[PDB]
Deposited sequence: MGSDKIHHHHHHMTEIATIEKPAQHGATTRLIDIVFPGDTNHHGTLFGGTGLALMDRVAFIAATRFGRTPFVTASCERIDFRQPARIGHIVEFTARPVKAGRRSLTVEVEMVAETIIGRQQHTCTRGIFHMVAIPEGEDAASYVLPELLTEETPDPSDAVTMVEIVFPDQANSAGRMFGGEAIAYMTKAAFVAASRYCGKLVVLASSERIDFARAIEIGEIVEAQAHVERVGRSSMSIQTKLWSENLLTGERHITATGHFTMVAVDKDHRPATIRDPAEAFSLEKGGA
């Protein structure tokens, strides 16, 4: 059956004064991340392996050497038998002030390479229009599970799942206050199942309460099997974040 075009978001932080990350992210790494979220989008859509057949021309603007939360969004925009066109936007917002500094657009042509006994007959589903989704104040972000983050049993270290949750807590906090934030504490976190190597994590993070200088952020962590689509809630965490100038008023 036909499928609606979902938006997939992948978020990376460049900290103030990190010239290496800055220089690579507004550079080749920036490119790599655009392709990664393209890849994820495609795979979620067709539930089959994909490669990047081609990448359309891209214009880059380098912002000022400040710090940024950088969001990569992907949407499938056209779909053949095996060619998927994916549109990717790269938006950088200052950590301090939340000013949009870049807005690069790329177009990726993914191609499905199906495996299995019935692969001679794989097609992509009819693409239909993405529904305008009633906005959340909640950050929803994905990332792939990398071999370095997994043990030899193929399982993501929970510490590495925790760190992703914290990343999401940093994003939501910082977006809320318009300032740099720092982790002050994290509550008990229980894991319902272990996360596997062939999966994406999805973190959802939003501000629960606001003190004078701190917030409390809830994060929910899901895993999703790329090829099958199987999702499970994995963990819920609560982090306390403090706004900084030295602590500041939120």
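Handout entry: In sequence order, the deposited-sequence ranges that have no modelled C-alpha atom
Key = 1 to 21, 267 to 269, 275 to 288 are the stretches of the deposited chain that have no C-alpha coordinates in the structure.
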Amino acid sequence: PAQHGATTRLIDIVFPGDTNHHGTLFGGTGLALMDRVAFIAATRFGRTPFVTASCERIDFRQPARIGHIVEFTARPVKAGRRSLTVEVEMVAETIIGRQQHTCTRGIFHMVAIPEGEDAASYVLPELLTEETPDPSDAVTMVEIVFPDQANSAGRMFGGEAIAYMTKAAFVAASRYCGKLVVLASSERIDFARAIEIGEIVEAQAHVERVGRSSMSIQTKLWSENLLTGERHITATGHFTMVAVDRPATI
From here on, numbers count along this sequence of modelled residues.
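Exercise for the section: State which stretch shows the higher mean Cα B factor in the entry: 128 to 136 or 97 to 105. Expected result: Looking at the recorded C-alpha B-factors, 128 to 136 comes out higher on average.
Exercise for the section: Among all modelled residues of this chain, ranked by Cα B factor, put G198 in the bottom, middle or top third, i.e. lowest, middle or highest. Expected result: Highest third - that is where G198 ends up once the chain's C-alpha B-factors are sorted.
Problem - Position of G159 among the chain's modelled residues by C-alpha B-factor, lowest, middle or highest third - result: Lowest third of the chain for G159's C-alpha B-factor.
Practice task
Report the third (lowest, middle or highest) to which the CA temperature factor of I189 belongs, ranking only the modelled residues of the same chain.
Solution key: Its C-alpha B-factor, which the entry lists for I189, ranks in the middle third among residues of this chain.
Exercise for the section: Pull the Cα B-factor of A153 out of the PDB entry and bin it into the chain's lowest, middle or highest third. Expected result: As the PDB entry reports it, the C-alpha B-factor of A153 lands in the highest third of its chain.
Problem - Entry-reported Cα temperature factor of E71, expressed as the chain third it lands in - result: According to the entry, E71 has a C-alpha B-factor in the chain's lowest third.
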